[PDB]
Amino acid sequence: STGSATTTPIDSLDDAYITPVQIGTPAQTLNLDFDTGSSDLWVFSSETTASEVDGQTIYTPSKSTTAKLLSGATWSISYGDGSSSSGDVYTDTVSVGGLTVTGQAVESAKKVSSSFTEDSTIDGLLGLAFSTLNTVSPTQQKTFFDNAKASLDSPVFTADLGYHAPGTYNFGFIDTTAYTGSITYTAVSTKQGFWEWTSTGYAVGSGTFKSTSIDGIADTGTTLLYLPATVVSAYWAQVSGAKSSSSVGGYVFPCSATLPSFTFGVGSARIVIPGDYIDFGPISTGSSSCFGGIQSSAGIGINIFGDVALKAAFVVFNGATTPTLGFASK
Ligand SMILES: Cc1c(C=O)c(-c2nnc3c4c(C[n+]5cc6c(C)n(C)c(C)c6c(Cl)n5)n(C)c(C)c4cnn23)c(C)n1C
């Protein structure tokens, strides 16, 4: 089997991407944030504290003839931005782009933190990291991909995120029309539950490539690119007026700037992020100071190849017995 679904930016800055997912019988379609940095499929629901729902579409398990309460199971998660959610668990039929999993754990939120409430466009998350990170207790549950894998034509999914435009998540096949050149595959460590890999270096603009190992995670849930402070300083030093602002929370730059590109290495291959992918717009409405899309990972404890990086590539998440990642230009 295969599946193919379009993923759409939630706003004009590509702050996140939503992908429609069918849950239950008859189907209830919710728009989920596909997140290769976590492993829970959770949704706003008829159980979510009413004051914490503000415009999201909810899953109502009592209206699904295939929903079954997973007795005694609870979940609770907290994300890298400090947001969180928790609740109980059903199993139900879940379909993505024509690919169906029966008996998928659907984690129903009873509580969500303010950033979830305040974002009406995201109805939940669909985790695509390794199932070892799943938070369901006392019996850990499998991701949608893990459940689907054995049925897929090939045990892979691909992320093809757009810059200020829709893109595609495919399951079970590699669309050879979706990229240029070849796909370069690179080793993955699953020891922390992530799609963790080692980039071979970077360049800023038309500058020379610096060969240096950068260990980090391919994380579709993360908006920005988080790299070591040395690398990030070298990038922003090429932008007149750019500075790190403690009050704002990162590097900012004059909105009048023309940003240089940023290149990262995948083996001997190179992925070029155009400068405009690095512009996240005014820090507050009407400001002439703009927020940068490349930020320091100092304090995070891990480097994160988030959407800024991934949207410059066609990315293969290869879930073979030994997982690997593939990157192609496009
Ligand atoms: C260690 C880490 C992260 C790891 O991932 C991270 C991060 N970066 N984007 C996101 C996340 C997103 C994506 N996301 C970002 C958004 C931004 C920047 N803005 C203005 C809006 C309105 C957003 C929405 Cl609705 N959604 N979502 C939905 C969740 C649950 C995230 C959790 N963390 N996160 C940050 C800021 N940090 C420090």
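Residues numbered from 1 in each chain as written, not as in the entry; some residues may be left out. Heavy atoms only, no water. Residues with missing side-chain atoms left out of burial classes, pairs and counts.

Method of determination, as annotated in the archive: X-ray crystallography, at 1.030 Å resolution.

Engineer: Help me out: how do you make sense of the UniProt feature "disulfide bond" in the protein chain in this one?
Structural biologist: The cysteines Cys255 and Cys290 that UniProt joins by a disulfide are bonded here; their SG atoms are 2.0 Å apart. With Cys255 in the loop between β16 (250–254) and β17 (262–266) and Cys290 in strand β20 (residues 289–292), this residue pair connects regions lying 35 residues apart in the sequence. For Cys255, a relative accessible area of 30% corresponds to the partly exposed category. (Disulfide = S-S within 2.5 Å. UniProt positions renumbered as here; feature names shortened; annotations may be inferred. Helix = DSSP H or I, 4+ residues; strand = E, 2+ residues; numbered from the N terminus. Buried < 20%, exposed > 50% of the residue type's maximum accessible area, 1.4 Å probe, protein only.)

Engineer: Honestly, the packing of aromatic side chains in this entry has me stumped. Any pointers?
Structural biologist: For any pair of aromatic rings, the description consists of the separation of the ring centres together with the inter-plane angle of the planes. All told, the structure shown has 26 aromatic pairs when counted by the stated rule. With 5.0 Å between their ring centres and 40° between their planes, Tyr179 and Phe314 make a pair best called tilted. Within this pair, whereas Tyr179 is found in the loop between β10 (167–171) and β11 (184–187), its partner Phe314 is found in strand β23 (residues 314–318), the two being separated by 135 residues in sequence. Judged by relative accessible area, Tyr179 falls into the buried class, the value being 17%. With a centroid separation of 5.2 Å and an interplanar angle of 85°, the aromatic rings of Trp195 and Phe317 are classed as edge-to-face. Within this pair, whereas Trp195 is found in the loop between β11 and β12 (196–204), its partner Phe317 is found in strand β23, the two being separated by 122 residues in sequence. (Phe/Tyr/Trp six-rings, centres within 6.5 Å; stacked < 30°, edge-to-face > 60°.)

Engineer: Just checking my understanding: could you explain the pairing of β23 for this structure?
Structural biologist: The side chains of a regular strand alternate, residue by residue, between the two faces of the sheet. Among the five residues in β23, five count as buried, and that is most of the element. Here β23 shows no split at all, with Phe314, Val316 and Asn318 on one side and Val315 and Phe317 on the other all buried. Two elements, β23 and strand β24 (residues 324–328), share five bridges in a ladder whose sense is antiparallel. Opposite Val315, over in β24, you have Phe327 as the bridge partner. (Pairing = 2+ DSSP bridges.)

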